[PDB]
């Protein structure tokens, strides 16, 4: 559905390098935010924002994409109750993801949480269940993988993708054109 693939890719980025925030302020004021953070300005302005703006248009959400330059990172922010619950309800149903959504999400999550050298293929997160879900999808896609406690200091697990399956993982998941192609997958093959 392409809307579904982009949504799922975006959720991957959000759940990795952003978040979904229900805010209460004085009083009794509130706010609902959909957020992606990144150091890279290009990545946020040229790759992520156009994807988000498209999703906003098709959902007829009339909030704007904010870009705030913080001390350590840029924040792409959408202040929208509707978009907030759109991504939240999508997250609730994450185990129901079809194949295209699965691939797009994993794609998005790797851009956020992954080993970017590609010398190794690793996804970090403190959410073991999240990693396990991904792990099952990978297995079912013929991509072998293990999950371990990589960081004893902070409680961070890593999903390690077998180098024996480097090729399958990279061209099938990172270089798929069913979904938004990540920046140096769309550089990997116009090389």
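Only the largest set of C-alpha atoms that superpose within 1.5 Å between the two forms is called the rigid core. Numbering follows the first chain given and starts at 1.
When the other structures are laid on the shown form by the core, the C-alphas of 113-121 and 84-92 differ in how far they drift in 5 other deposited structures of this protein; the larger average drift belongs to 113-121. Greater C-alpha displacement in 5 other deposited structures of this protein (rigid core superposition, RMS over structures and residues), of 148-156 versus 35-43: 148-156. With 59-67 and 161-169 compared on mean CA B-factor from the PDB entry, the stretch scoring higher is 161-169. Between the stretches 90-98 and 73-81, it is 90-98 that shows the larger average CA temperature factor. Taking the PDB entry at face value, the top CA B factor among 30, 125, 37, 145 belongs to 145. Among the modelled residues of the chain, residue 111 sits in the lowest third by CA temperature factor in this PDB entry. Per the PDB record, residue ranking by Cα B-factor puts residue 24 in the middle third of the chain. The deposited CA B-factor of residue 133 belongs to the middle third of values across its chain.
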